[PDB]
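K.L.:
First, the structure itself, so that you have it in front of you.
Protein chains: 6
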Amino acid sequence: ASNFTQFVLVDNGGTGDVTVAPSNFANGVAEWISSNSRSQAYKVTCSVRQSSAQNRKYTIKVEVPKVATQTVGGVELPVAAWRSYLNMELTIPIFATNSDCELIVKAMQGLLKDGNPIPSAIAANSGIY
Amino acid sequence: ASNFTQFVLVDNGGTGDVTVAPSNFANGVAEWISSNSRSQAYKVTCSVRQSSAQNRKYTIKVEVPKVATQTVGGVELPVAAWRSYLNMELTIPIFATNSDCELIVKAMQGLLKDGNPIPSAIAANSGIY
Amino acid sequence: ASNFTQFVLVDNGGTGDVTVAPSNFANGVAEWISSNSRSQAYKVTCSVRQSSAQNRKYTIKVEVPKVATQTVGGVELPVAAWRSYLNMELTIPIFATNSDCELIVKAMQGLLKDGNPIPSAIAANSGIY
Amino acid sequence: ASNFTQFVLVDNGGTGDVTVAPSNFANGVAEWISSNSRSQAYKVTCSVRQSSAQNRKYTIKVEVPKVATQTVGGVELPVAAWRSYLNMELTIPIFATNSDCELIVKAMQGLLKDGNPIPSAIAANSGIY
Amino acid sequence: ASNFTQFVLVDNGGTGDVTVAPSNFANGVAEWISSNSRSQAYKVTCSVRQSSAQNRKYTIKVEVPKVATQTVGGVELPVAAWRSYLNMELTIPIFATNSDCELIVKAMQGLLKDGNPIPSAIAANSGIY
Amino acid sequence: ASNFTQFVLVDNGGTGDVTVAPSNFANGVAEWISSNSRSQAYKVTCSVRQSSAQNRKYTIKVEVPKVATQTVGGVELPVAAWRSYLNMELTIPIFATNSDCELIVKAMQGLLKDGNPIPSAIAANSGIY
RNA sequence: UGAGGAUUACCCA
RNA sequence: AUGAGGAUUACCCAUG
RNA sequence: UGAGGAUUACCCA
RNA sequence: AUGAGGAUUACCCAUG
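Protein chains in written order, with the deposited numbering: chain B, 1 to 129; chain A, 1 to 129; chain C, 1 to 129; chain C', 1 to 129; chain B', 1 to 129; chain A', 1 to 129. A prime marks a further copy of an entry chain.
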């Protein structure tokens, strides 16, 4: 393998897709950023570590820019009004096989699948009702 | 509408799919569990809160069990050998438009798409490299 | 989806039926109240909690009022002359599957079925003899 | 005459019905037990008492076992893997006529009727949502 | 019933009406928001509780955006310069019947009716004179 | 002009309408009461204040009485069995245009329009669900 | 009294 | 609030 | 826990 | 100032 490659983070059907490419690997923490200023960039980082004697833990972080009314290349303050932050922690017990691990990935894909409750509440600036 | 509906968490292609259904909304924490004894059920929980004057924060948790039958005191009980835990927090500024929010949802879907770096590392009990 | 909806508490043919509607769901306690004066209303509350490591516990309460008019100093108010109070607690181990739970529900319905010892003693101001 | 008789606690069509038979009526507590091993039996108890000057109070208890075989040292015994415990207390003022009592009984039957919020939450390992 | 539905908050005679739709139901507090960023959204929340032994209390809150010179989807600070807040508390004694309650609703509709003093002072950036 | 005029608080369609008239302006609190003994009168009060350097705040109160005749000391007095209280505060930024203010007034009128969720819940002694 | 626990007519505050 | 802090996972830790 | 009470999500042992 | 704090409703509470 060698999975440290460029990938499409936001699929817009070929036109205006957001691709994210390897940009840093300091300390085993892989980073991928889009082609923008770091203030307006799409950013992804990932790392695995053994949290305790029984678990391994993946920490994945995603930063997404506020695009509506954005001035490309501009200085937009406050930083917090223009960015969203995703932080995921996946704890997997050392007994989990590749097959167990494949199922965990499907559970994550199913959760965020289009039309499902969670992605629909988020996309609509809503909660559950 | 009511976005509090059941969905399939693990799509095993129509056969052996894991579907999760609404099971509790006490304390503003939406919960969904699979049709199992509570000791073996998959579980999804979600809540949103205005974490600050200018952010809203979603807290999402998924528990994937490894089911087993355990003999306790000579008697057999439906149990989970172990559980894998996904904990995610998403902070979105209040200035984010619905289309800004849809962008976050798509980035999360792309991040986990089959074949992309992260879901590949996880499924192979590997790190990024 | 929701099970926090209105339902018929007292079925009197299709007329004189007492319906109880959702009213409040604060702190994990769901409350249903019948219409008109809160003073002469029926009330149902329900809550679930993990009572211990292996148990989940339901607490249900029902109040049946004796509707009456109070006259004091010539001022009459709608009141409940008195009220019966039902309180029930149901403990279910986390090992109970959906089938086990359905059986528990049938046992509760059979206990109170018309003609059986218990609903008969109560409906007649009686005990067991 | 007697209301201390056997009755169907769990109606499973006309086969697999759990019947509970009188067993003991000591100290004002009537007890009903299903047949076969006392260890795997269903149990119902009921008692009435004048709780105060104006009230009479019923205390009803039901136990639904999870039938299982225990094997220890090669010696197997019929046991209940676990048990659900229902406990209910019903307070009725001495002013309640037979009509008032019949209404109280219908309110209890309606609460647990199939399809209503409460029996539905329990039968599905759920709470209110 | 089931009154948790979408409704027209600002009636502009069909063209450019502001509709507000269910968006959250965490803790029994119903929320409805318009289709906008949460910073520019029309928001309505409502909840009932028994404040004391004699009263029930409805708490209704409304947030209305400053629309003149607004930049749709933009980041507009300070938040307080761009939003109006309405907070209503309605205390109703437990003796009030549906009919008493209908009259209270008319009293509220009459107060805010067009051409009446209060709505005319507000709409004119005025007080009473 | 002088917006301090009488209006009909409860429009019972020309017959039995409750009209309220200016009755006091002491201390900057505009008051309106119905033609009744002060013990049975409906009452509306309103005041505006620059609550901060950048806001103005309107405080509005409505009292709806439930009238009755009470025999105190063998003598009959016109009285109110109870009163329902509406307390509302509206904070508007100083930057709000007159058309911004008209938008607030319309949102308040739509909120309470017949058939909409909130006025429906109140009139039926119900919550939102 | 307790949306207090339970090995369920026990036990706790 | 922050942590590539921990968990038995709607809990705990530390810092601030 | 309680065949403990209650103005019933309170209170008592 | 904030409170889905209370009221007997132009008063009271709590926090800050």
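We treat Cβ as the ideally placed atom computed from N, Cα and C, and that holds for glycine.
#1: How would you call residue 94/B, buried or exposed, if buried means at least 16 neighbouring beta carbons within 10 angstroms?
#2: Tell me which residues share the same chain as residue 124/B' and place their Cβ nearer than 8 Å to its Cβ, disregarding the 5 neighbours each side in the sequence.
#3: Starting from residue 112/C, follow its DSSP beta bridges and name the residues at the other end.
#4: For chain B', find out if any of its Cβ atoms is closer than 8 Å to the Cβ of residue 95/A; answer yes or no.
#5: Mind pulling the chain A residues with CB within less than 8 Å of residue 143/B'?
#6: Which one of 84/A', 57/A' and 107/A' has the shortest CA to CA distance from residue 8/B'?
#7: Under 8 Å, Cβ to Cβ, is there at least one residue of chain B' near residue 115/B?
#8: Beta carbon of residue 37/C, beta carbon of residue 78/C: below 8 Å?
#9: Which residues in chain B have a C-beta closer than 7 Å to the C-beta of residue 71/B'? List them in chain order.
#10: If I'm right that residue 18/B' touches residue 34/B' with Cβ under 8 Å, what's the distance once you round it to whole angstroms?
#11: State the Cα-Cα distance for the pair residue 31/A' and residue 55/B', rounded to the nearest angstrom.
#12: Using alpha carbons as the reference points, say which of 66/A', 15/A' and 21/A' lies closest to residue 116/B'.
#13: Applying the criterion that 16 or more other CB atoms from any shown protein chain within 10 Å of the CB defines a buried residue, is residue 83/B' buried or exposed?
#14: Along chain C, which residues have their Cβ under 9 Å away from the Cβ of residue 26/A?
#15: According to DSSP, is residue 134/A part of a helix, a strand, or is it coil?
#16: Between the alpha carbons of residue 44/A and residue 60/A, how many angstroms are there, rounded?
#17: How long is the line joining the alpha carbons of residue 86/C and residue 62/C', rounded to whole angstroms?
#18: Roughly how many angstroms lie between the CA atoms of residue 81/C and residue 73/A, to the nearest whole one?
#19: Once the 5 residues before and after residue 76/B are set aside, which same chain residues still bring their CB inside 8 Å of it?
#20: Between the region 87 to 112 of chain B' and chain A', which residues of the former have CB atoms less than 7 Å from a CB of the latter, in chain order?
#21: Could you tell me how far apart the beta carbons of residue 51/C and residue 91/C are, in whole angstroms, since I believe they sit closer than 8 Å?
#22: May I ask which residues mark the beginning and end of the beta strand (DSSP E) holding residue 23/A'?
#23: For residue 8/A', which of helix, strand or coil comes out of DSSP?
#24: What three-state label does DSSP hand residue 105/C in the structure shown?
#25: So with CB distances below 9 Å, who are the chain B contacts of residue 62/B'?
#26: Indicate whether residue 118/A and residue 101/B have their beta-carbon atoms separated by less than 8 Å.
#27: Give a yes or no on whether the minimum CB-CB distance between residue 83/B' and chain B is below 8 Å.
#28: Grab me the residues of residue 24/A's own chain with a C-beta within less than 6 Å of its C-beta, minus the 5 sequence neighbours each way, in chain order.
#29: Check whether chain A' comes within 8 Å of residue 55/C, counting only Cβ atoms and requiring the distance to be less than that.
#30: Does any residue of chain B have a CB that is nearer than 8 Å to the CB of residue 79/A?
#31: Answer with buried or exposed for residue 1/C, where buried requires no fewer than 16 other C-beta atoms within 10 angstroms of its C-beta.
#32: Determine the burial state of residue 13/C: buried for a count of at least 16 other Cβ atoms within 10 Å of its Cβ, exposed for fewer.
#33: So, with DSSP's three-state summary, where would you put residue 128/B?
#34: Closer than 7 Å by beta-carbon distance: list the chain A residues that pair up with residue 125/B, in chain order.
#35: Are the CB atoms of residue 103/A and residue 67/B within a distance shorter than 8 Å?
#36: Give the interface partners of residue 75/B' over in chain A', defined as CB-CB distance under 7 Å, in chain order.
P.N.:
From the atom records:
#1: Here residue 94/B refers to the residue found at position 94 of the first sequence. Exposed, since its Cβ has fewer than 16 Cβ neighbours within 10 Å.
#2: On the fifth sequence, residue 124/B' is found 124 positions in, with the first residue counted as 1. Around residue 124/B': no qualifying Cβ.
#3: In the third sequence, counting from the first residue as 1, residue 112/C sits at position 112. Looking at the DSSP assignment, residue 112/C forms no beta bridge with any residue, so it has no partner.
#4: What you label residue 95/A is simply residue 95 of the second sequence in a count that begins at 1. So, interface residue.
#5: In this structure chain B' extends from 1 to 129, so residue 143/B' is not present and cannot be described.
#6: Your numbering for residue 8/B' matches position 8 in the fifth sequence. The candidate whose alpha carbon is nearest that of residue 8/B' is 107/A'.
#7: Your numbering for residue 115/B matches position 115 in the first sequence. Not an interface residue.
#8: For the purposes of this step, residue 37/C is identified with residue 37 of the third sequence, where counting begins at 1. For the purposes of this step, residue 78/C is identified with residue 78 of the third sequence, where counting begins at 1. A contact, by the Cβ cut-off of 8 Å.
#9: Residue numbering aside, residue 71/B' sits at position 71 when the fifth sequence is read from its first letter. Within chain B, the residues near residue 71/B' are 69.
#10: Here residue 18/B' corresponds to residue number 18 of the fifth sequence, with the count starting at 1. Here residue 34/B' corresponds to residue number 34 of the fifth sequence, with the count starting at 1. Between residue 34/B' and residue 18/B' the Cβ distance is about 6 Å, and since that is below 8 Å, they are a contact.
#11: By 1-based counting over the sixth sequence, the position of residue 31/A' is 31. By 1-based counting over the fifth sequence, the position of residue 55/B' is 55. The alpha-carbon atoms of residue 31/A' and residue 55/B' are separated by roughly 25 Å.
#12: Reading the fifth sequence from its first residue, position 116 is the one you call residue 116/B'. Ranking the options by Cα distance to residue 116/B', first place goes to 21/A'.
#13: The count along the fifth sequence starts at 1 and reaches residue 83/B' at position 83. Buried is the call here.
#14: The count along the second sequence starts at 1 and reaches residue 26/A at position 26. Within 9 Å Cβ-Cβ: 25, 27, 28, 29, 30, 47, 48 and 49.
#15: The structure shown has nothing for residue 134/A, since chain A only spans 1 to 129.
#16: Indexing the second sequence from 1 puts residue 44/A at position 44. Indexing the second sequence from 1 puts residue 60/A at position 60. Answer to the nearest angstrom: the Cα atoms are 7 Å apart.
#17: Within the third sequence, residue 86/C is the residue found at index 86, counting from 1. Within the fourth sequence, residue 62/C' is the residue found at index 62, counting from 1. One C-alpha to the other measures close to 15 Å.
#18: The residue you call residue 81/C lines up with position 81 of the third sequence. The residue you call residue 73/A lines up with position 73 of the second sequence. Using only the alpha carbons, I get a separation of about 54 Å.
#19: Locating residue 76/B in the first sequence gives position 76, where the first residue counts as 1. Cβ neighbours of residue 76/B beyond the five flanking positions: 39, 40, 70 and 82.
#20: 87, 88, 89, 90, 91, 92, 93, 95, 96, 98, 100, 101, 102, 103, 104, 105, 106, 107, 108, 109, 110, 111 and 112
#21: Within the third sequence, numbered from 1, the residue matching residue 51/C stands at position 51. Within the third sequence, numbered from 1, the residue matching residue 91/C stands at position 91. With a Cβ gap of about 6 Å, residue 51/C and residue 91/C count as contacting.
#22: Within the sixth sequence, numbered from 1, the residue matching residue 23/A' stands at position 23. Segment 18 to 24, the beta strand (DSSP E) holding residue 23/A'.
#23: By 1-based counting over the sixth sequence, the position of residue 8/A' is 8. Reduced to three states, the DSSP call for residue 8/A' is strand.
#24: For the purposes of this step, residue 105/C is taken as the residue at position 105 of the third sequence. Looking at residue 105/C - three-state DSSP - the assignment turns out to be helix.
#25: Along the fifth sequence, read from residue 1 onward, the residue named residue 62/B' stands at position 62. By Cβ distance, chain B contributes nothing, its closest Cβ being about 17 Å from residue 62/B', past 9 Å.
#26: As a first step, residue 118/A is located in the second sequence; it is residue number 118 there, counting from the start. As a first step, residue 101/B is located in the first sequence; it is residue number 101 there, counting from the start. No.
#27: One-based indexing of the fifth sequence puts residue 83/B' at position 83. Cβ-Cβ to chain B under 8 Å: no for residue 83/B'.
#28: Translated into positions along the second sequence, residue 24/A becomes position 24. Cβ neighbours of residue 24/A beyond the five flanking positions: 31.
#29: Counting from one through the third sequence, the residue named residue 55/C turns up at place 55. No, its Cβ sits nowhere closer than 8 Å to a Cβ of chain A'.
#30: Numbered from its first residue, the second sequence carries residue 79/A at position 79. Not one chain B Cβ lies under 8 Å of residue 79/A.
#31: On the third sequence, residue 1/C is found 1 positions in, with the first residue counted as 1. It is exposed - the Cβ of residue 1/C has fewer than 16 other Cβ atoms within 10 Å.
#32: To locate residue 13/C, count along the third sequence from 1; it is residue 13. Residue 13/C is exposed by the Cβ-count criterion.
#33: In the first sequence, residue 128/B corresponds to position 128, counting from 1. Three-state DSSP puts residue 128/B in coil, outside helix and strand.
#34: As a first step, residue 125/B must be located in the first sequence, where it is residue number 125. Neighbours of residue 125/B on chain A, chain order: 98 and 101.
#35: In the first sequence, residue 67/B corresponds to position 67, counting from 1. In the second sequence, residue 103/A corresponds to position 103, counting from 1. Yes, they are a contact pair.
#36: Mapped onto the fifth sequence, residue 75/B' falls at position 75. Within 7 Å Cβ-Cβ: nothing; residue 75/B' doesn't reach chain A', min ~16 Å.
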